[PDB]
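Just one chain is shown here, as structure tokens, and it is the form deposited in one PDB entry.
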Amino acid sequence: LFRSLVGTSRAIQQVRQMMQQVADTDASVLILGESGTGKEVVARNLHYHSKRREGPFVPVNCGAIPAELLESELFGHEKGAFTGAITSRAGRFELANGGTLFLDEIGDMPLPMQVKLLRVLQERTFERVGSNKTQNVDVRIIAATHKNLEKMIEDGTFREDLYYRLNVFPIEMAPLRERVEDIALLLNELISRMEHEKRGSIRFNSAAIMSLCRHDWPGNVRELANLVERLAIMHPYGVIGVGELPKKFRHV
């Protein structure tokens, strides 16, 4: 259902503490961090330690949904509202009612939908597309982005008013290269997962871990997880020394 946030670093301890405060509340959470830094972990963790911990956790990827269809995605539609509406559709909001709604990559939401998202977050009502029946929403909002929202406000690509509405309780996730002291602990967690799930086993020697601690991690912890995965295929139940690392991971 949820994962815990492994790590010994100051920054990761800050996150844990900030998670305890806000989870129980219904404050809107905005999580800032590079891709793979554990933003969805924090979000799903928040939820199950929240007033809505029995209700629905509803993802919405505001960027991977075609702009023309995002309104129908969020509120739903009845029929005839547009070409192809053969049937009725519940939206994310509907499906999230009584739970948390997770707005994944909020910085990719089109401006038209930013406006409508704000009106709903204010009025707490919405119209399905086509229908003019307004409808009540009960949702705990959690949003995540890796974009600089402040710059986007300046560029006129993100709305100031939405921003201040969503950014009530900001949580910043450090990128992996800024918490390399967490790598060993993260490696252990990632390997237990793999073993618990009967996918395989490995472990890393000290030289390897030193080498990994010097890596960039553009893909951060997800990249880390992928590497564990590849090495378990390549050296099942092996020990990984620096010679078992792929070249781009060696830094001696």
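Throughout, we count residues from 1 along the sequence that is shown. Between two forms, the rigid core is defined as the largest C-alpha subset superposing within 1.5 Å.
Mean C-alpha B factor from the entry: is it higher for 83 to 91 or for 178 to 186?
-> Of 178 to 186 and 83 to 91, the stretch with the higher C-alpha B-factor average is 83 to 91.
Segment of higher mean CA temperature factor, 192 to 200 or 42 to 50 | Averaged over C-alpha atoms, the B-factors run higher in 192 to 200.
Among 140, 165, 119, 146, single out the one with the highest C-alpha B factor in the record, please.
-> Answer, based on the entry's C-alpha B-factors: 119.
Among 108, 172, 160, 123, single out the one with the highest C-alpha B factor in the record, please.
-> Within the set 108, 172, 160, 123, 123 shows the top C-alpha B-factor.
Looking at the entry's B-factor column for C-alpha atoms only, identify whether residue 245 ranks in the lowest, middle or highest third of its chain.
-> Residue 245: CA B-factor falls in the middle third of its chain.
Of the three thirds of its chain by CA temperature factor, lowest, middle or highest, which one includes residue 225?
-> Its C-alpha B-factor belongs to the lowest third of this chain's values.
Would you mind ranking residue 5 by its C-alpha B-factor against the rest of the chain and naming the third, lowest, middle or highest?
-> CA B-factor rank for residue 5: middle third.
Select lowest, middle or highest to describe the third in which the CA B-factor of residue 33 falls within its chain in this entry.
-> Residue 33: CA B-factor falls in the lowest third of its chain.
Cα B factor band for residue 74 (lowest, middle or highest third within the chain) | Its C-alpha B-factor, which the entry lists for residue 74, ranks in the highest third among residues of this chain.
Beyond the structure shown, there is the form deposited in another entry, which is absent from this document and is the topic of what follows.
Do you see a C-alpha shift of 2 Å or more at residue 40 between this form and the one not shown, with the core held fixed?
-> No; residue 40 is a residue whose C-alpha shifts by less than 2 Å between this form and the one not shown when the cores are overlaid.
Spell out whether the Cα of residue 22 moves at least 2 Å between this form and the one not shown when the two forms are superposed on their rigid core.
-> It does not, since the residue 22 C-alpha is displaced less than 2 Å between this form and the one not shown after the core fit.
Has the Cα of residue 62 moved 2 Å or more between this form and the one not shown, judged after a core fit?
-> No, the C-alpha position differs by under 2 Å between this form and the one not shown.
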